[PDB]
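Have a look below at one chain only, the form deposited in one PDB entry, in structure tokens format.
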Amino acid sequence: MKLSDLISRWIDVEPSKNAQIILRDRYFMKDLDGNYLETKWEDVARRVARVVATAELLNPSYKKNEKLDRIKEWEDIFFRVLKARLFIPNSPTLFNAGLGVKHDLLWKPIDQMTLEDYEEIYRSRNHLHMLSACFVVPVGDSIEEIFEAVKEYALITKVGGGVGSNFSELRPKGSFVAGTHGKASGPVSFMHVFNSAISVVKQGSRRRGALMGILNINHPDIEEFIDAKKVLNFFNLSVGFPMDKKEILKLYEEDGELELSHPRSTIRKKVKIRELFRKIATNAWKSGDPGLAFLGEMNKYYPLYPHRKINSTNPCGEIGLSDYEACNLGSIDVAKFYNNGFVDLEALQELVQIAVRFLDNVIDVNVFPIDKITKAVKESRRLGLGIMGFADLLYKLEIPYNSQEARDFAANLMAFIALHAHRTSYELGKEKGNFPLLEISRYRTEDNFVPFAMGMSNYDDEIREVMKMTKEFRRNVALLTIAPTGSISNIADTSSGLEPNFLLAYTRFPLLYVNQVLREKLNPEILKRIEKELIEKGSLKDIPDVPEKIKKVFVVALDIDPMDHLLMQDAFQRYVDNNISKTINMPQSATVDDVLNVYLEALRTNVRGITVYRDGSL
């Protein structure tokens, strides 16, 4: 079906009461005195679409004389997709689009818009007009650099961004400090200062700080780092693996030793890699931190490596970013593309093309707090297009999430999306200009460069042809992710990212969500029976009656075993150029060795990082 007719299906479906509370609470724009300027999701869609359409003012392919018609056409299509909740950008785009701009321009009817109105919108965006969720900044090994970075953390946090750093440049605890003849405090002690700073800075009532701290497996303070969260309450922590995954897997299998060293310390030490891994797995088993960051695997597929390098991810791991790089995200609700036993690929291809342009346009109307970041974004134009609604889509297609069928479907769907996103990046490079760094990237300097592993779809040959075409034109260094969608999936009334539903019926903090696909499928009588027990047991697994069929389709996170979580992550990652947010859920009864086995399988798969969470742990 044509997208415009899909839009018609969804556009007047009202957000749920629960989603409306969330919107009122933090997304509807208020004036300085606290009065609402927006009361409905329609108003947000209008505002955001108009602001992001103003980027077309910069399009060199439009004659000054045609610009108004073209801008209005993009506003209209952005508005309709957004109102329908077929695609939603990351929260900061929703919170901050239009800041600075006269209230009489942000919601005015589109048929009244003049070229001067759009110019005024573009000009009046203020210093807070920050629309991107993901940031990385370096923390160099000096007091100047550490405290400049603390300042950057605070500035990013204030405007609503999530920021990560690799702390491995900081010399280990005890190291000589030539300047004072002293002993260095080490990275962990400094991370405490970053945490203290972020305890007092937030985006008001809308968004607290969210941080990632990485320390590399071979740093002399790695053991202290691994136990650091056992304070650092604003940080997620992951262990960094800058080397090849294969090299580290081989070391483990051969029971080898890892040399812990640092370039500006005499502190050296040897540790058995198996012991280090067990220490990680033990802490993860207890508390869920730290995760693993396969930085080597990110750089393997980074088109600008090795003249730029990925040293860190943002807070939830989904984008690997070079120093001072930021990235804006957005997600398609693929559950809205179910049509009579199939995914409507006709309409999906159309939305992927719109979505890529929208995310690319956000770069042009985004304002960052630090010039180095503005520069890094402009040079690379990395985007993060992903999906949400995946688990609910599988429910509609009657596919169990824990099955090879599901995984082959996921690979093929992600492959389709990736083909069309990259084809769109080609078209935009031809239309608007290539990203500045194309010439020095592997898209240009190499043949047969592909930014992901592939191997699980018949789209692969077509994907290879497109990548060859982008030697010539390419708007964006990379285009895809799967994010947590912790808030936007709630706004869209759909499942989160690629995750299975955690529960089919449950209350969040008033009350209560109950899976609509299940409500629409399960016998409405055999439903009011079981319901009490389902909220009690948290699954259908051993409720009797309840058809087995409904049971096998309507699985939740803890019905699905750790390896089936992991292999789902791999199926998607083979067709994602950035990374993926995935929690490997594990039963309360899992052991430390069960965790280690997830790590070893992860090292063989194509995953770029790992997060585990053992039920009942925290």
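Numbering starts at 1 and runs along the sequence shown.
Keep in mind that the form solved in complex with a small molecule is missing from the display, and what follows is about it.
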- line: As a check of understanding, the residue in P138, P484, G296, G429 with any heavy atom within 4.5 Å of the small molecule in the deposited bound form should be identified as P484
- request: Name the residue from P220, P400, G291, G538 that puts a heavy atom within 4.5 Å of the small molecule in the deposited bound form.
  value: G291
field: Contact label in the deposited bound form: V188 to the small molecule, heavy atom within 4.5 Å
entry: no
task: Mark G317 yes when one of its heavy atoms lies within 4.5 Å of a heavy atom of the small molecule in the deposited bound form, and no otherwise.
output: yes
message: Residue-level question: is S238 within 4.5 Å of the small molecule in the deposited bound form, judged on heavy atoms?
response: yes
field: is_contact(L480, the small molecule) in the deposited bound form, heavy atom dist at most 4.5 Å
entry: no
- prompt: Which of 283-291, 434-442, 447-455, 524-532 has heavy atoms within 4.5 Å of the small molecule in the deposited bound form?
  reply: 283-291
